[PDB]
Amino acid sequence: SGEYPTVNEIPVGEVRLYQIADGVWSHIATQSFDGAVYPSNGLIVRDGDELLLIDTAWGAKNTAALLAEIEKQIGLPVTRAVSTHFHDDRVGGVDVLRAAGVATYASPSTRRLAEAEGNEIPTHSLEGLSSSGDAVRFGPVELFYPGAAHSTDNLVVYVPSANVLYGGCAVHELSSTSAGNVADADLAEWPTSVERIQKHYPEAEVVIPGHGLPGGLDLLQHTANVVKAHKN
Ligand SMILES: C[C@H](NC(=O)c1ccc(CN)cc1)c1cccc2c(-c3ccc(CN4CCOCC4)nc3)c(C(=O)O)[nH]c12
Ligand SMILES: [Zn+2]
Ligand SMILES: [Zn+2]
């Protein structure tokens, strides 16, 4: 009923959308992993009379449900998708997207990691993102590589028309106590990568984490704090 939707409010397999700004939505789905249930976010950005998707809904059936929810709520075609790192909450569902006419993209680093891990593999490589601080335009967004954080390949996404920063899994929600799933993380570089984001996007008005509730710029400092403490 208008609040940001939380894990126990979304059965696994349904998807909900949340309007962030004009022409910007998040998508929220839930999935089981190792016997626990988790929410996850992605982004939808209006691209004229088409849509750009950022990240899958964490699984094939969830991603099919995402496409149906988009058709119901927005009614414009998803033509392109970007996955922001190689984990299944970002790429699981790419094969569904590719069979639904969506052109799928990720950095070469993400594509290599996804292939090696046995995850679904976006079709197209995003060059120009291999060095920390790199940025490229992609439709109505800017893609930014902040350096290693949650993963070595993690990208963040900025929507300049709305000053929306989508941090993906490099950014945690304000209630976070822990750095989340850190198996592929660089805890030592993560704060430096967050500082890069802070420096590059000082006008961000909304910050969206990979999992959990959006907020403002404080999510960036909170993330640095929690990762440093975790490492400690
Ligand atoms: C899909 C992703 N697979 C990996 O990561 C992965 C998988 C396999 C291998 C081994 N080669 C290596 C890594 C993932 C799964 C489950 C939870 C998460 C989380 C996550 C997010 C938030 C929290 C915190 N909540 C815990 C419950 O109580 C409330 C707070 N815990 C975990 C993330 C993430 O942090 O991005 N990713 C996940
Ligand atoms: Zn991840
Ligand atoms: Zn994640």
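Positions are given from 1, in the same order as the sequence printed here. Note that ligands are numbered from 1 as they come in the structure, with each ligand's atoms numbered from 1 the same way. These numbers come from the heavy atoms of this one structure, side chains and all, not from hydrogens, waters or symmetry mates.
If you number the atoms of ligand 1 from 1 as listed, the ones under 4.0 Å from a heavy atom of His150 come out as 34 (C), 35 (O), 36 (O). Close contacts of ligand 1 with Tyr38, meaning ligand atoms under 4.0 Å from a residue heavy atom, involve 16 (C), 17 (C), 31 (N), 32 (C). Residue-ligand proximity, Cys169 to ligand 1, at heavy-atom distances under 4.0 Å covers atoms 36 (O). Counting atoms of ligand 1 from 1 in the listed order, those under 4.0 Å from a heavy atom of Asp89 are 1 (C), 2 (C).
Counting just the N/O/S atoms of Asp89, the one with the shortest distance to the Zn ion (ligand 3) is named OD2.
The heavy atom nearest to atom 35 (O) of ligand 1, considering only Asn181, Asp184, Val182, is found in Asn181.
Among the atoms of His150, no N, O or S atom falls under 2.8 Å of the Zn ion (ligand 3). Using a cut-off of 2.8 Å, one finds that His87 contributes no N/O/S atom close to the Zn ion (ligand 3).
For atom 34 (C) of ligand 1, the closest heavy atom belonging to the protein is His211 NE2, 3.3 Å. Counting protein heavy atoms only, atom 7 (C) of ligand 1 is closest to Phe33 CZ, 3.6 Å.
Evaluated for a side-chain contact (heavy atoms from CB on, under 4.5 Å) with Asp55, the options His87, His85, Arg90 yield exactly one hit, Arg90.
By the criterion of a heavy-atom distance under 4.0 Å, neither the backbone nor the side chain of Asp34 is placed next to ligand 1.
Note on ligand 1: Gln31 sits outside its first shell, no heavy atom being nearer than 4.0 Å.
Taking distance alone, with nitrogen or oxygen atoms compared against 3.5 Å, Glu117 approaches ligand 1 more closely than that limit.
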